[PDB]
Structures are given as C-alpha cells and as structure tokens.
There are 2 protein chains.
Amino acid sequence: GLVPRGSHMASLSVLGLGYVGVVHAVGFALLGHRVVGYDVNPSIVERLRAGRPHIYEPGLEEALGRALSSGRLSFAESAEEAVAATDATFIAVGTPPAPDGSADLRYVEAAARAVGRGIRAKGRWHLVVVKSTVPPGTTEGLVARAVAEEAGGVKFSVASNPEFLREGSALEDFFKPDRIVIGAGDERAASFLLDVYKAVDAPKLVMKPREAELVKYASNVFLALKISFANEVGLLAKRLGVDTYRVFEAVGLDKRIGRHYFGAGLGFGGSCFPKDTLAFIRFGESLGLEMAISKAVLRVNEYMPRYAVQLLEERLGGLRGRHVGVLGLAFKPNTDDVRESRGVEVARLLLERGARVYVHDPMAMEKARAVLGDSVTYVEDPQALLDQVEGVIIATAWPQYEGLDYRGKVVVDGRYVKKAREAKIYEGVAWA
Amino acid sequence: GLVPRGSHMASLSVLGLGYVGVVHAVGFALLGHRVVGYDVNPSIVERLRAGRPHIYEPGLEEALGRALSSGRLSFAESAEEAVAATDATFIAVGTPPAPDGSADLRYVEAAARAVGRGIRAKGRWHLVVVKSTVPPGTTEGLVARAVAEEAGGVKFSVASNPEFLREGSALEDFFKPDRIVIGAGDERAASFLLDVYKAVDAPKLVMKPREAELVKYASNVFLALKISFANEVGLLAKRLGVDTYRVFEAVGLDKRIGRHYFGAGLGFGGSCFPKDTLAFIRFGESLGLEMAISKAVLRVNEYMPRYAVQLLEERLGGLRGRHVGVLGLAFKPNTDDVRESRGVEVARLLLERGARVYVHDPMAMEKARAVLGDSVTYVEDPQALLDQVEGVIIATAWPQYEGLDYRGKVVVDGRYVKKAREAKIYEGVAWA
Ligand SMILES: O=c1ccn([C@@H]2O[C@H](COP(=O)(O)OP(=O)(O)O[C@H]3O[C@H](CO)[C@@H](O)[C@H](O)[C@H]3O)[C@@H](O)[C@H]2O)c(=O)[nH]1
Ligand SMILES: O=c1ccn([C@@H]2O[C@H](COP(=O)(O)OP(=O)(O)O[C@H]3O[C@H](CO)[C@@H](O)[C@H](O)[C@H]3O)[C@@H](O)[C@H]2O)c(=O)[nH]1
C-alpha cells in the first residue's frame, strides 16, 4: 500500500552497464531511487539515454523507458561525476579471465579508483558496493585500497553485494530475487543496503564481505557442477541405452536435491560459468588447494562439445568436405549473446575437421558472424538449413527447433529436443 | 476413508532383513499386505518373531509389534518357502564392496536362485523385485538369469524398485517417500507394484529397469557430491577465515539448489555412500568411462579425516603419548551403526600416530568395540572424556554434545558444534 513518511530516497550510482549494471540501474530507479549510471563506452550511454537498450534482455526496453520517464534515472559524463552526485556506487564492470585463467581485476580496480576520485570531490562519506564477481578478499583488499588511495582522506565504507541475475530473466530476478546477500564492511554499510532493498520482498542475509564473495563462487560453481554431473551420469546412461533426462526426473524428486540444472547436453557456455569456475580453481590453487571437484567439473564441460563432434564424425564416416549444420549459436535460448557459446565451439571443431559448416540461430547470427566471419554459411531458415546438410548438431534448444522436420537426417542432439528422435540416426550427446 | 471392494491383499516375501528388508517387511504388513520374511541369519528371524528388533531404528520395535499383532507378518524357515508362499519377492540382501571396489553381487545372485527354486515349487507366475542397490543391468541380466536357471520353466517377471530409506528415519521414509521408482521388466510387473503401493501417497514413476537402477546410483552419488563439494569449498573458506555453513545457508536459498546435504565436516560414512560411490566409479570404468567427478568426490572424502588428525597434531605439536578423545563413533547421530564410521577412522589414525585414544558415543560403543577392541579406552560420560584428554575431535554431532563444557580444550570440530567454539583452540575441519 502506502509509503511511510520519511521513507528515504537513496542516491545511487552504477559503474559498468553490461546486463548486470543496466538492469540494476533501471531496477533501482523503478524501486524509487535516484540513479546515475556510467559506462566506459560512450555509445552505450548515448543509446541508453535514448531509451534504446544496447543488449537484448526481455522487457528491458520497456523498463528502461519507464525508468527514464520517472525522471529518476540519468547518465553521467564521467565515472567521477556519477560517484560525486550520489551516496553509494555499485561497481558492476566485468571480471573476464586473465591469461592464466584467474580473475582479471583491472576493470574493478579502475572503477574503484574512479570511485575514490568522486568521493574526494564529494568530501563526505560514501558507500562502495561491489556487484562484480570478484575473488574473496577483493572488496576489503584491492577495492578498499584503490578507493583510499584516491579519496584524499575522505571516510567511506565498502560492501560485497553479489548478483545472481540470469540473462534472459534478469528483470524478474532483480525484482523477485531468491535472496539478497550483503557482505558489509561495517554496520553503516549494512543498514544503508538494507534500506536500499527495503521494498524487495526476499530474505536478506548480512554477513562478512569475504563470505558474500565466496557465496557467489560457491553458487555458480555448484550450478556448473550439477550440469557436469548430469553429463558424467549421461555418458554412462548413453552406454546403457538409457534416457538420462528421465533418470534425473526421478533423482530431482528427492527433497534434498534441487530438480533444476540437471540438463545434460553440450555443457555450459556464456560469460559466467566457464570463467568463474576457472577463476575459482585458480584462486584455490593460489592458496595451495587441489580444487579436485571444480577441476573435474571443467574437464567434463570441455569434453562434451568434442564428444558431440566425434559422434557426428563416426556416424558420417569422417567429416572432410561434408555438409554439416549447427542449430543454435546463442549460449542459451532467448539471447543474442554468443560468449563461450557451445554452438560456436562446435562450428570451430567442425571447421578444423574440413566440414562445410552451415549455421542458424533465431537471434545471434550477427554476433556469431563477429566471431566466425565468412568461415561458415549463415542460413536464415532453420528448415532450409536441415534440408541442405547431411548431419546436424543441435546446440541451443530454441523453441522453434522443436517443430522442425528432422526426418532422414543424421542428428547429434546436444540439448534434448524430443522431435529430433524422428531423424534417420539420432545420437544424444549424453543420453540414448 | 473406506477401502473399496475387491481391493486385493498382496502376498509378498522379503529376503534379507537388514534395515531395508525389515522396514519393508513391517511396512508392507502395516499397509495391508500379507508378508513373509526370511534372512540367512536364524537368530535374526528368531528375534524378529519375538518382536525384538536386532538393529536400532526409531519406532521399529513398535511398528514390528503392530505388524506381528495384525497376523499379516510371519517369517519362513527357508528362502524357498517364503517365495513359494507369496506372489512377489523383494530381494533386499547386501551389496558390499568387492575387493576391487566394484559391487559384490554374490548375495543378490544366491537370493535370486532361491527365488527361482521357490517359483519352480510354486508352479505359477511370480514377480522378482530387486530392492538391493545393484549396478544397472543386474535386474534383467544376472537376477533374471539366475531365477530362470532354477525356475524349471515357470514364467516370471522382474522389476527394479530401488529404495531410498535413510537410517534413522526409515519408517517415515517408507510411509512417506518423496517418490517411488518402478523399473518394470513388463506391464504385468508395473501394474502389480502400482497395486502394492496404491495406499502410499507419493509420485510413482514407471521406467525401464536400467533407468531405475541408474536413478539409485545417481541419487546417492549426487548426495555424496554435495557433501564433498561443501568440504572442497570448506577447505577454502577455512583458509579465508570464513564460516562455510553461513556461506551454504546463502547458496541453498537459490531456487535451483537443494538447501540440504551441504554439511561440511569429516565427510560421509555408513554402509552406503562410500561403497556406492566406489561401485559407481568401478562400473563406469568397466565401460571405459573416466568418472572424473565421482572420483573427485571420493578423493575429498578420504582426505577429510586425515586432515582433521593433521590439524590436531599441528595444534598439539605431535601426537605420540598424547591423551586425545574422539566424540562420536556412530556414522551419524541416532544409530548404533559404526560401518565406515569417520569417528572409527579418526581413532585409527590417532592410534597409528602413537596417541592414547579415548572414545565416547551415546549408543555405538559396543559395536565400535567389536571393531577397535581394547586398542582405545571407552568412556561412559562424554564430559569425563573431555576432562581427561588434552585434545579432542568431534566426529558425530550427537545432540548431547552441544551442551558440553569445552573450555580450555583443544578441539578439532568435524561436525559443526557451535558450543565448541568456547574451546581454548577451536579448529573447524572445513570452516574457520
Ligand atoms: O541444466 C542446464 C542449465 C543450463 N545449461 C547451460 O548453462 C549455461 C548457463 O546458463 P544460465 O545459468 O541460464 O546462464 P547465466 O545468465 O550465465 O546465469 C548464471 O550466471 C549469472 C552470472 O554470474 C548468475 O547470476 C546466474 O545465477 C547463473 O545462472 C548455458 O549455456 C545453458 O545452456 C545447461 O547446459 N544445462
Ligand atoms: O550434510 C551432510 C549430510 C550427511 N553427512 C554424512 O553422510 C553420511 C550419510 O548420511 P545419511 O544420508 O543420513 O545416511 P544413510 O542412512 O547412509 O542414507 C543414504 O543411503 C541410503 C542407502 O542407499 C539411501 O536410501 C538414502 O537416501 C541416503 O541418505 C553420514 O556419515 C552423515 O554424517 C554429511 O557429512 N553431511
């Protein structure tokens, strides 16, 4: 119902406007806060000011137009000005893999220094909140230090507040999160973020900054582990002539086991799970730990796309000169994102084996071309792609794929499409 | 409410009266079936006829007395007579590890031959149901063959119907299972078991016998995997000075992740998880598969008790001649079962390092003596044990342990007891 009197409107900035940053910036404005965003790329800022998302995310264009109409969302000309105009800054810049697989923290360090400069100009207390996925210790270590080194002696507080948004449903996960984790460096940080999130109906857990940072890796690596476990069990089910999805239907009814994320197939792609899992392994190894399960998780994941190509190659009797399609290039359905896409990886493996490769995706073909260029043929109609190839690998289960005519084709199914069983030869990547 | 007319009373036999067999025998009788049980050990049968459970299981003595009073439960003088007097036989004998870690199937094979002899004497169709944890393929392979080889040509059907009972809550899991899995070798098998379970309100999934067998290993190994994952994450949390249980409180709120079985500590013992995990690995390796995650699961598990002893040894500056206690010998709370107990394993490691070892358990000390003999001192009062030792390892979180006085002691906590933090030195085995 009604808003209680004296219910404070917070002034928040967000640095880094990938899907995490732009969904928080828009969402906080729609929750009732004044938000100032900034990104290193001026064309992102220009597009966002115009109400035109630079990335595809269901419902974002309308949430953005609503946040802009409220007058509560704006964008700054520099990181420092966004910071100086607000009381807390969410750092949401990327943490891509470094060359040795550890987390690359240079983007977070530059954003923290910008925060320190804005604080110095503001002259009063500010909260620095790390939304970026960063190894435990980064918030009170690197970020607090980089901020202090620029802040000219102005006092501030830090907090880790990890994010759990999934691409494809980020706005819903923003408004209805399963839980909010606040790793506050002090009481004033904790009370400020509990205020920021007061309108969100979800459990709020306040803990140390290190614990909150570890929650994020433990969560993402455990999801990756369910997927790789389903694939390990699936290789076995496939040898037994059994349906791995029916097995995990029964496994998931146990009240101790989550029924989701046992979707065996080509494995996980996207810009999070592969690189967070690798960062987690490298971080543990830097402390002398073996990380044996987490490494196994990645070994299975890296194997699956090679196995899918080996199945196709065995069924066709070699791939050189053969006409082969890949259905699906986005890293999952309903995005145009190809980062770490298993479909792209499968196309490359096919190419490296002398196949003539055709690809389709309902959304990601422009992004995939950015990566594959003219090395493949891009087909606009997925049926037309099937009609042209001898063999096909299904790499993303777009709903339109369920209705295609696979009859007479050799199909290596990497995502479980029930209709594909009608094929002349059906090979499940991790099931019979 | 009322029982519909013509609601058939099934005649069922059970071979093998460990906790699975005796809980099914009693439970089926209480559901309304006529049950005939048998076990290779005549003293078990004699005790059960007298209403005296040979094993400790909460509520069993009363369920048994009720099943016996109904007149519906009896016990045979031989496996063959139990079989010949019924229409379906649940095989529930053990499947311990063989010398090379694979499943030992000799107990199941002998029970299946007995079933075949009873069928031959009966002269008409019978259902053979495998409740034993057996590798996929065993029901329609070894068991169907061993039955046919003795049945003299009498027709029969087979089914895998795995069991998911936990020790300590087996009667409740019997009456209120999360799901019933029926891997029927034909339609008549499926319809017979759906009848047997008609009064149990739970989802019933009918599938191939191989799929049902694989569900059981996938479920038990996945639970073991959660535990080992919590321990892998816990070694890391401990290096960070963080509380792993608070981390997995937050991880478990994700709607994709089951909140249970992330109890980091000394790892899993008991007669199921260690040997089923090892059987699963050996079964996959027999088909040429690497089983990398499942092996990692066991590597972490085998490490934890060694690590706990290493922590104690480091804190005390060597263990030779030192007086050290183990609190907890049962493999989990509320049983007297010590099979594969981590407490026993820790006592042995301590012994092998020249410690003078004291042990306590509220129930399992007689069973543990069967294993450790006079190599340790058995202490009746756990406080008295603490008062006598310099260092202690907590290996089973019996509720009475939460109230003890650990002040001034060196404690390596293997199970998360909050009160133990009052110790002079507190080392969590997998947390700070
Ligand atoms: O059962 C499954 C589920 C997913 N996937 C694959 O796993 C990858 C990741 O999928 P998803 O979790 O939807 O994508 P993200 O948007 O990368 O979301 C993850 O990464 C975000 C960034 O850290 C976290 O906030 C989210 O909680 C976590 O889901 C995709 O390639 C999926 O196709 C499977 O192979 N099998
Ligand atoms: O978070 C946890 C939970 C359990 N344990 C340990 O794991 C072992 C197994 O515990 P539990 O699952 O209670 O014992 P079981 O009676 O061995 O039950 C398992 O094995 C039965 C036999 O197959 C299956 O039916 C059950 O579903 C499965 O729980 C014990 O040593 C526990 O102390 C942990 O270390 N951490």
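By convention in this document, chain letters (A, B, ...) are assigned in the order of the sequence lines, proteins followed by strands, and residues within each chain are numbered from 1.
When heavy atoms are compared at a cutoff of 4.5 Å, B:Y261 approaches chain A solely by way of its side chain, counted from C-beta outward. In this structure, chain B has a heavy atom under 4.5 Å from the side chain of A:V300, while its backbone stays farther away. Of the two parts of A:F283, only the side chain, counted from C-beta on, holds a non-hydrogen atom closer than 4.5 Å to a non-hydrogen atom of chain B. Contacts of A:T244 with chain B are absent, with no heavy-atom separation under 4.5 Å from either backbone or side chain. Of the two parts of A:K255, the backbone and the side chain both hold a non-hydrogen atom closer than 4.5 Å to a non-hydrogen atom of chain B. Both the backbone and the side chain of A:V247 come within less than 4.5 Å of a heavy atom of chain B. For A:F229, the parts lying under 4.5 angstrom from a heavy atom of chain B are both the backbone and the side chain. Both the backbone and the side chain of A:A237 come within contact range of chain B, judged by heavy atoms closer than 4.5 Å.
Taking A:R246, A:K208, A:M207 one by one and counting their heavy-atom pairs under 4.5 Å with chain B, the maximum is reached by A:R246.
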* To do: Would you please test B:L253 and A:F164 for side chain to side chain contact (heavy atoms under 4.5 Å, CB included) and show each step?
  => CA-CA 11 Å; B:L253 284 169; A:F164 297 107; over 6 Å; no
* **Evaluation steps, side chain to side chain contact (heavy atoms under 4.5 Å, CB included), between B:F248 and A:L214** => CA-CA 10 Å; B:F248 278 104; A:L214 187 54; over 6 Å; no
* List the steps, then state whether side chain to side chain contact (heavy atoms under 4.5 Å, CB included) holds for A:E290 with B:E232. => CA-CA 9 Å; A:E290 168 75 16; B:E232 181 156 304; over 6 Å; no
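In terms of the side chain to side chain contact (heavy atoms under 4.5 Å, CB included) criterion, residue partners of B:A224 (sequence neighbours excluded) are, by chain and number, B:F268, B:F273, B:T277, B:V297.
Among all heavy-atom pairs drawn from B:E211 and A:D243, the shortest one is OE2-N, 3.4 Å. Taking each heavy atom of A:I257 and B:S219 in turn, the nearest pair found is CD1-O, 4.3 Å. Contact between A:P136 and B:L240 at its shortest, heavy atoms only, is CB-CD1, 3.7 Å.
By a heavy-atom distance cut of under 4.5 Å, B:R166 are the residues of residues 166-176 of chain B near chain A, going up by number.
Ring-plane geometry between A:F222 and B:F262 is classed as perpendicular, the angle between the planes exceeding 60 degrees on a 0 to 90 degree scale with a lower cut at 30.
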